[PDB]
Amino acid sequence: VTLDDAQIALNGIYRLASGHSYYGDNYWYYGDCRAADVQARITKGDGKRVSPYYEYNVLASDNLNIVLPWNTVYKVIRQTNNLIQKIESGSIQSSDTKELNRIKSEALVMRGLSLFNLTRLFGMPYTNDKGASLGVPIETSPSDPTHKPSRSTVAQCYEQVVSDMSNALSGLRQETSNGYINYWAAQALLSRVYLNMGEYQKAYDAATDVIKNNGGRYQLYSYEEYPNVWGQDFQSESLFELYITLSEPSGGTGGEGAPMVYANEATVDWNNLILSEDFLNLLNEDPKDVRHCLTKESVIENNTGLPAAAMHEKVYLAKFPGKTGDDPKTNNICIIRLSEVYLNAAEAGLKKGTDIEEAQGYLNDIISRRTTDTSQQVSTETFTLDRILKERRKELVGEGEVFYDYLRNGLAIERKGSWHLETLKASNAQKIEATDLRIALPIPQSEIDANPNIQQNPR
């Protein structure tokens, strides 16, 4: 009915996105445990946390890992469609066009982000085949529940993502907006989207808009600051971050939330994410790297809940310790931050083959703020893709993106570290090519059973 009712609906969409089965957990840690740096601690079998993703053996029947993540993101999409339609139908009793348009624009970005998230889990990487293969169903109007849609292609899905985020931009806030999507967040997310389409110039344009034009609203963390920002709400790099307390969601991000699944607990309980030897070896290539501050040994000495080779290693990631430093369930959920935007620009620049010096500068903006060893900075000769991808692994560990770094670059993922789980042998997941059929998660069996127009991903 009222403008405030519309805002409350939008707040509900953000709350759902922060919840279990969306960014609370599955969409947070998927892009880490599928790569080589963050592994399961222990195998738990089908329907349990982390391991079915990590082992590349998750089934269409998996409620925790397939049914819930699919259905939850579609619920968000449906809510965005209902809200957008309510606004457009003229049946909100408000003359405040600017605010109605802002709410609509934020809903549009959330709709696009949601479709992107589904597409990248359940579809083969766009860059394998210009998105020719199957993506997911596209909904842009309230659900026709008589209607059984079909999966659109990955490219059709990306077109809709790009449209939604782009069409949103002029209605979004220019000012900083803690907890919500503004113009800067949307352009940052577009840089991620375009990069994973191999649309390097468009990625570069979006990322550099944020870098050059944000107006001092956002700042890269200094070396001195870096250890202290983690767990603190809305720090200077954060472009879009969902607000969490123990009151909303009730219980914060809960036991299943990524922060608890990474937790370094006094009694082993919820944890199922630890750093691999691949990651520690990479970070140890530079002993002056400030990011060593985020790797911690088990607080339980002589912990028999770890693989024996990891017992005393610094395999706990401390990025999400909570607002007071000892309750991870209170940690906010940063969706995208400025370091990723600089890295996206660096990668897009190198790949497109122009603006090279500027692009190299953006890589060095990260390197120079993360180490005191000046020789780590790149020249044109040492500005290579591998060097960028190494920096991304160091910078963005735990933030849900590293998997896609391999996929969009056609790179095989190898789990070489000595404490990777033995289940990777039985599941044939020590090496995953970017063309491996198992990269595309199975469509939920609930969909297959219900809708004969929905094809399953091959195996």
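Numbering starts at 1 and follows the sequence shown.
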Report task. Could you check which stretch, 165-173 or 80-88, carries the larger mean CA temperature factor in the entry? Result -> 165-173
Query raised in the report: Got a sec? Mean C-alpha B-factor, which is higher, 210-218 or 89-97?
Result: 89-97
Query raised in the report: Of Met110, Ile388, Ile336, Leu306, which one's C-alpha B factor is largest in the deposited record?
Result: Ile336
**Report entry** Top Cα B factor in the deposited entry, candidates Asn331, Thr153, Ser143, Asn364
**Finding:** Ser143
Query raised in the report: What third of its chain, lowest, middle or highest, does the C-alpha temperature factor of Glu139 fall into?
Result: highest
Report summary line: Quick tally, chain-level thirds of C-alpha B-factors: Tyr404 sits in the middle
Query - For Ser247, the third of its chain into which the C-alpha B factor falls - result: highest
Requested in this report: Grab the CA temperature factor for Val193 from the record and place it in the lowest, middle or highest third of its chain.
Outcome: middle
Report summary line: Binned into thirds over the chain's modelled residues, the C-alpha B-factor of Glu224 lands in the highest
